[PDB]
Every structure is written in structure tokens, then in C-alpha cells.
Protein chains: 2
Amino acid sequence: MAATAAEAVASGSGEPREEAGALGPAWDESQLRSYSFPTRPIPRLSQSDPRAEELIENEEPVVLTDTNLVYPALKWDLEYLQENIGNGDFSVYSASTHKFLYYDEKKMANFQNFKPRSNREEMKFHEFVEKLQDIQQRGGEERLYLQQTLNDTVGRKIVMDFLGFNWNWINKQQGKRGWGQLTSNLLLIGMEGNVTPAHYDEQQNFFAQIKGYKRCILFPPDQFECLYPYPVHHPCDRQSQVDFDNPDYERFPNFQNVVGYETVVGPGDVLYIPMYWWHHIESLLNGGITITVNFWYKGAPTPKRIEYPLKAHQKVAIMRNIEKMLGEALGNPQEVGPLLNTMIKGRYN
Amino acid sequence: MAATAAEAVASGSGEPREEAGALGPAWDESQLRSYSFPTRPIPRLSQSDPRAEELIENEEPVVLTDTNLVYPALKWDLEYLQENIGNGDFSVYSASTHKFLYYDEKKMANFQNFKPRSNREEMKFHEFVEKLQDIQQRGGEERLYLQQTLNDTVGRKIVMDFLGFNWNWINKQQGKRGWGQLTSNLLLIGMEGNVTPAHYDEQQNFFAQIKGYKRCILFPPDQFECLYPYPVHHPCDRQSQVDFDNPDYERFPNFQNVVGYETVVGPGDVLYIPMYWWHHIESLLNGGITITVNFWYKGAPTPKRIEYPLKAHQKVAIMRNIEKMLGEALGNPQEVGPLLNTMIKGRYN
Ligand SMILES: O=C(O)CC[C@@H](O)C(=O)O
Ligand SMILES: O=C(O)CC[C@@H](O)C(=O)O
Ligand SMILES: [Fe+2]
Ligand SMILES: [Fe+2]
């Protein structure tokens with residue numbers, strides 16, 4: 001039966017890997033949250049494996065196990081970073097829930113009836129370690145998540161490690177894919193259980209895991225109709241409106257047909273998250289703090305000639321463009337919805 | 001009660017006018033078809049009346065009773081035209097119903113599952129008079145409607161009358177409104193009872209009545225949501241999908257809120273039909289053949305600066321543009337609908 005076969009290939013992250021030296025299972029199923037949709041595993045390969053180069057070339061996710069991309073950072077931890085990252089400001093988000101929904105502050109002007117579930121708070125690294133230390137011993141329920149792009153104000157040793165990254169490998173990837181420039185490197189340090197809701201980015205991304213384990217659930221661009229992203233002008237643009245913990249099938253019927261690709265990444269693994277691919281990221285339950293550094297690259301330039309059929313991500317690009325134009329033409333983003341409905345009601349639906 | 005007051009101002013074409021010389025009522029209520037919506041009267045004024053100049057300036061319909069625009073043509077009739085219009089080809093549409101829905105043949109390629117309710121048949125004027133004579137005596141049910149733009153192949157006397165038109169008046173109108181060039185002059189000769197379904201044009205129009213009487217029902221551009229025009233790429237683009245004789249309130253709920261402006265025009269009257277205004281035109285029942293000549297003018301150029309709020313017709317222009325672009329981008333007009341739905345479902349509705 002194809003039914004049974006389907007219930008099998010939907011193995012998710014599969015059997016937990018064993019850490020060398022018989023140090024036991026990296027993690028166990030109970031550390032993963034439970035969702036209503038099925039998921040197939042993302043291929044875990046060697047960077048020397050042609051299949052991996054094949055997946056990246058075809059804009060498909062793949063976990064590279066031996067790139068040594070951020071090898072020098074694998075020694076990183078709270079103590080080390082505090083004594084070497086510098087005294088610059090670090091964006092720290094606090095929240096009353098395990099979900100850290102991303103919001104664009106420049107767009108909070110278009111929607112005043114919008115209040116974020118998490119607030120940003122700038123501070124020095126030692127302060128973050130402090131606020132965190134407080135909560136851990138105070139037994140608080142508050143959750144924190146540090147997300148700061150690595151700037152030119154970081155300490156000497158941190159700059160040293162940075163230089164030790166495997167630029168030879170990634171620079172060749174950048175070149176072979178025709179991608180644009182490296183736009184930034186985001187350092188992420190979250191508490192166990194933390195979750196970054198499903199969303200997509202308009203950048204190519206090499207997601208390098210350093211400390212702790214993270215479960216990454218991706219969805220191809222062609223599942224746009226099942227994930228219902230917020231309006232382009234809304235502050236939560238590119239994020240999914242669907243609450244994965246309590247799906248509202250009445251407002252989002254097609255979320256019942258969603259099928260993901262998941263995997264659990266650990267120290268040393270690099271996950272290629274293709275541009276426009278949706279991704280849900282959560283730090284395993286009771287797994288301790290997690291550390292990650294991403295590498296965002298501008299996508300390759302759109303080809304002078306346009307071949308048909310268009311790819312899923314090209315249609316997503318068109319929809320985004322329409323929403324943006326209409327917002328400018330109407331002189332007000334709030335009127336985008338009414339005009340769109342007027343356009344389709346009784347005409348295209 | 002505002003209810004009663006509303007039921008009063010909704011007088012439609014009002015009391016039938018009396019023809020000079022005590023020749024009786026021009027027409028009577030029983031010659032008008034019955035519809036499910038209410039209608040207020042269009043102002044019937046003198047071209048010297050400032051109020052008329054006011055309405056035209058504000059892009060609002062008005063019937064001018066004394067322009068003498070097509071004074072020389074008032075003598076026109078089948079016999080005269082046959083002996084003077086020439087031997088060029090005249091587009092003649094035949095149909096099994098009283099409704100002559102307009103269709104764009106260049107767009108019949110995008111929709112193959114579309115078959116017009118009326119067919120075009122080129123012929124010489126004398127042939128049209130023939131086919132018509134046949135039906136009238138044969139007691140046939142077939143209906144004909146001649147619609148041919150006046151070209152440079154018309155007879156001498158017809159050209160004479162043409163020259164006698166009141167160009168002094170209309171040329172000043174064209175100049176005062178900043179309108180573009182005169183694009184064409186359509187000659188319409190239909191059988192009693194004929195109907196041109198509700199639709200709008202992207203041209204300014206001076207509709208000059210010559211023979212017989214016509215009931216014209218207009219709807220302002222802001223009633224777009226109540227009239228459900230076909231998709232822009234469909235051959236019936238700009239026409240209403242709503243069957244005025246048997247409205248489908250299930251597919252077109254807002255047609256229940258539609259409110260029109262009507263009037264009955266006769267020999268000598270000129271009806272200004274502003275650009276984008278919907279219009280329904282029917283030749284009175286048992287009123288004999290009708291003759292009309294319109295004057296289509298390119299609208300004025302869009303102002304360099306755009307003031308807000310936009311006017312209803314500007315939003316209609318934006319919607320049309322979106323449909324067109326999307327059709328080009330997707331490489332196929334048939335995919336416009338699916339993409340639009342994907343865009344709004346669970347996001348803007
Ligand atoms: O690790 C996370 O919490 C999410 C990061 C992800 O959105 C990215 O683009 O790197
Ligand atoms: O007279 C008619 O049948 C309709 C003509 C009208 O659509 C016009 O644009 O002049
Ligand atoms: Fe992301
Ligand atoms: Fe028309």
C-alpha cells in the first residue's frame with residue numbers, strides 16, 4: 001500500500017545519531033515538539049559527495065556534515081564569548097512564549113493595531129549572560145533569544161576564529177552558484193525550547209550549527225498556498241500566519257495538506273536553506289543553550305531571458321511585487337486588501 | 001420617510017415627453033423593459049445652461065436637448081441611407097436573443113470554450129436592408145443590429161450631412177475638456193427591442209440620437225463591485241457578467257445594491273456618457289428601427305501629479321493594469337485567476 005509506504009518515508013529526522021566514543025544518543029524523540037503535519041528527512045551528506053553539490057545546484061536543502069565551515073567556533077560558549085566578543089550592543093529579544101515571531105519595525109507604522117509578542121532590548125554580552133543567569137537561578141519563565149549580526153566591533157580572538165572559517169569552501173560555492181555578495185552573518189544564541197516560527201527569506205543561506213541541537217523543518221516554495229504568509233506591508237511579512245501549535249483550519253484550510261522536510265543539526269553541521277524555502281527552527285527541549293551562525297548571500301541575478309513554466313519562487317516574487325505596487329499606487333497599504341477582493345470577487349473565484 | 005422619498009426620486013425616465021403639434025406622447029412605459037434595480041433620472045438640459053457645462057466638466061452624464069450636433073442627419077432613414085451611404089462593407093450582427101453582447105475577436109484565442117451568442121456578417125447596406133426586409137415580412141424571430149464605423153467610403157450626400165454637423169460646438173467641448181482626438185463615429189441601426197448589455201468604454205462619448213427612441217441606463221464607475229465585468233483577457237472584457245433579465249444573486253450578490261441613472265433619448269438629443277461609466281442601451285419595444293451616431297474621444301491625459309483620494313475610474317484603471325501585467329508575467333492569461341486567489345485566500349479576505 002502506498003499509504004503504508006508514505007507513512008514510512010515520512011520518517012522525519014529519523015533515528016537519532018550516536019556520538020563518537022559511545023557518549024550516547026545525541027538526542028531523543030521526546031525533545032522534539034509534536035505537529036499535525038508529516039515530514040520526510042533532509043539528506044545528510046558529505047561535501048565531497050556529488051549528490052550534495054547536485055542538491056545545492058538545484059536549490060534543494062541538504063545537510064553537509066564535514067565542511068569545517070565554522071570549525072574554529074566550535075569551541076565557543078557563553079564564557080568564551082563574553083571574554084572575547086567585545087563590548088558592543090547585542091539585540092536581545094524577550095518573550096512570554098516559546099515562539100519568537102519576527103517582525104519588521106519599519107513596517108509597524110502601517111499597522112498600529114499590532115503589538116509584538118516579544119520586545120527588542122539592546123545590551124552588552126555580559127548583560128545578556130547576566131539576565132540569562134538570573135532567569136536560570138530565579139526559576140523564571142521568561143525566555144530570551146539573542147540575534148545580532150557580527151559587526152566590526154568584536155574582540156581579537158573572535159576575529160581570529162572568524163578568519164579560520166572555511167572561506168575556501170564557501171567562496172567556491174558562492175562562485176559556482178553565481179550568488180551575489182555575502183550580506184551578513186547572524187549570531188543566534190537561544191534558550192532550550194526556543195522556536196522561530198515558519199517563514200522564508202529572500203537570501204541564500206548556509207546555516208552553521210555550533211553548540212546544541214536544532215530541529216529544522218523546511219517547506220518548498222510551492223507550498224505558499226498552505227502557509228498563508230501575512231500581507232507584504234504587514235510587519236510580519238514573510239512569516240506564516242498559521243499557529244503550528246494550534247492550527248486554525250477554518251481560516252487556513254490548506255495547512256491540512258502541508259508536507260515538510262526536517263532534520264536535526266548539531267555541532268559541525270551546515271544546513272543549506274535555499275532562498276524562498278520556508279523554515280521552522282526550534283532548539284531541542286531540555287537541550288541547553290544553542291549557538292548558530294548563518295551566512296546570508298544575495299541570490300543570483302534574474303536571467304535576461306525568462307523560460308516557462310516559471311518556478312514556484314518566481315510566482316512568489318510576482319505576488320510580492322503586485323502587493324508592493326498596489327500599495328504605492330493606492331497611496332495606502334491598508335487599501336490593498338479591499339481592491340484585491342473587488343478584483344476577484346465574482347470574477348476570478 | 002426617507003424610504004418614501006427614495007421611492008420618489010427613483011422616477012426613472014419620468015413622465016413621457018409630449019411631441020410638438022399635439023402629436024401625442026413620444027413613448028409610453030409599456031415600451032420599457034422591467035428590471036430589478038431602481039433608477040434616478042439623468043438631467044435633460046440646454047447646452048446653454050451652465051448646469052450642463054458643469055456636469056460635463058465633472059464627468060457626469062447629461063442629456064443636451066438643443067446641440068444640433070447631427071441636425072443634418074435627422075432626415076436619415078433606411079431609404080435615404082441606402083441611396084447615399086455607398087457600397088462599402090457594413091458589419092452586421094445577427095442573434096437569436098434580444099441581447100447583443102459585445103465580444104472582442106482578438107481575444108477569442110485566449111478562451112476557446114467561448115462561443116458568441118451573435119455572429120458578425122459583412123455586407124453592403126442594400127443587403128442589410130434586404131435581410132431586414134425579409135425578416136419583417138417573413139415574420140421571422142431573427143434580430144439584426146448594424147454597427148459600422150463611418151469610413152471614407154461613404155456617398156456624397158452622406159459626406160454633405162457629415163459636414164453640416166455642429167463641429168463648432170463639439171470641437172469646443174473637446175478643447176475645454178482637454179480630451180484627445182476624435183477616434184471614431186459609430187453608426188448604429190437596430191431593430192425595435194434590441195439591447196446592448198451593460199458595459200463601459202475607455203473613451204469619452206457624445207451619443208447622438210437620430211431616429212427612434214432609446215432607453216439608456218448608466219451606472220457610475222464606483223459600482224464596479226456590483227456589476228462584475230468579465231476578466232480583462234476574456235473576449236467580453238468590460239462587459240457585465242450579470243444577466244439583467246435573470247440576475248444570479250448567488251454569484252453576483254452585490255448586484256442587489258446597484259442603482260442606475262436612466263433617460264430616454266429621441267431625435268435631436270445628445271447624451272454625454274462619461275468615460276468608464278457603465279451603460280445599458282435598449283431600443284424601445286414596438287418603437288420601430290432606431291438610428292444613432294456616437295462620437296468617441298480619447299480621454300484627457302493623466303495628470304503628472306496624482307492627488308488623493310483616487311477617483312473610482314482610476315482604481316478601475318489600476319485593476320485592469322494588474323490583470324494585464326499578470327497575464328504577461330505568467331506567460332498565460334488563463335493562470336491569472338489561480339495566482340490572484342492564491343494571493344488573497346486567507347491573507348486579504
Ligand atoms: O535559528 C533560528 O532561530 C532562525 C534562523 C533562520 O531564520 C535564518 O534565516 O538563519
Ligand atoms: O447604442 C448602442 O446599442 C450601444 C452604443 C454604446 O455602447 C456606445 O458606446 O455608443
Ligand atoms: Fe530565516
Ligand atoms: Fe458603449
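Recorded method for this deposit: X-ray crystallography, 2.2 Å.
Each residue, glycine too, has its Cβ placed from N, Cα and C.
According to Swiss-Prot, the feature region 'Disordered' maps to A:1-51. For the region 'Disordered' (A:1-51), the number of residues in each DSSP class (helix H, G, I; strand E, B; coil) is 13 helix, 7 strand, 31 coil.
Under the heading compositional bias 'Low complexity', Swiss-Prot lists A:1-10.
As annotated by Swiss-Prot, region 'Interaction with VHL' applies to A:2-125.
Swiss-Prot lists A:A2 with the feature N-acetylalanine, giving a large-scale study or a structure entry as the kind of evidence. Here A:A2 (N-acetylalanine) comes close to no residue that lies at least six apart in sequence on the same chain with a C-beta under 8 angstroms from its C-beta.
The domain 'JmjC' annotation in Swiss-Prot covers A:142-312.
The feature substrate binding site is assigned by Swiss-Prot to A:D152, A:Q181, A:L182, A:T183, A:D201, A:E202, A:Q203, A:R238, A:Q239, A:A300, A:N321. Remark: A:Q239 (substrate binding site) has A:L101, A:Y102, A:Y103, A:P197, A:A198, A:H199, A:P229, A:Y230 as non-local neighbours, by Cβ distance under 8 Å and separation of at least 6 in sequence. Secondary structure from DSSP puts A:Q239 (substrate binding site) in a beta strand.
All chains included, 19 other C-beta atoms sit within 10 angstroms of the C-beta of A:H199 (Fe cation binding site). Among the features that Swiss-Prot reports, Fe cation binding site is placed at A:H199, A:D201, A:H279, with the record citing experimental evidence.
A:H199 (Fe cation binding site) falls within a strand when secondary structure is assigned with DSSP. Those same-chain residues not listed among A:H199, A:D201, A:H279 yet with C-beta within 8 angstroms of the centroid of the Fe cation site C-beta atoms are A:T196, A:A198, A:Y200, A:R238, A:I273, A:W277, A:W278.
A:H279 (Fe cation binding site) and A:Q203 (substrate binding site) have their C-alpha atoms 13 Å apart, to the nearest angstrom. In this entry, substrate is bound by A:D152, A:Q181, A:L182, A:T183, A:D201, A:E202, A:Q203, A:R238, A:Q239, A:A300, A:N321, whose most widely separated C-alpha atoms sit 34 angstrom apart. The binding-site residues in question are A:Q203, A:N321, and the one with the fewest Cβ neighbours inside 10 Å is A:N321.
It is A:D201 that, of the binding-site residues A:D152, A:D201, has its Cβ surrounded by the most other Cβ atoms within 10 Å.
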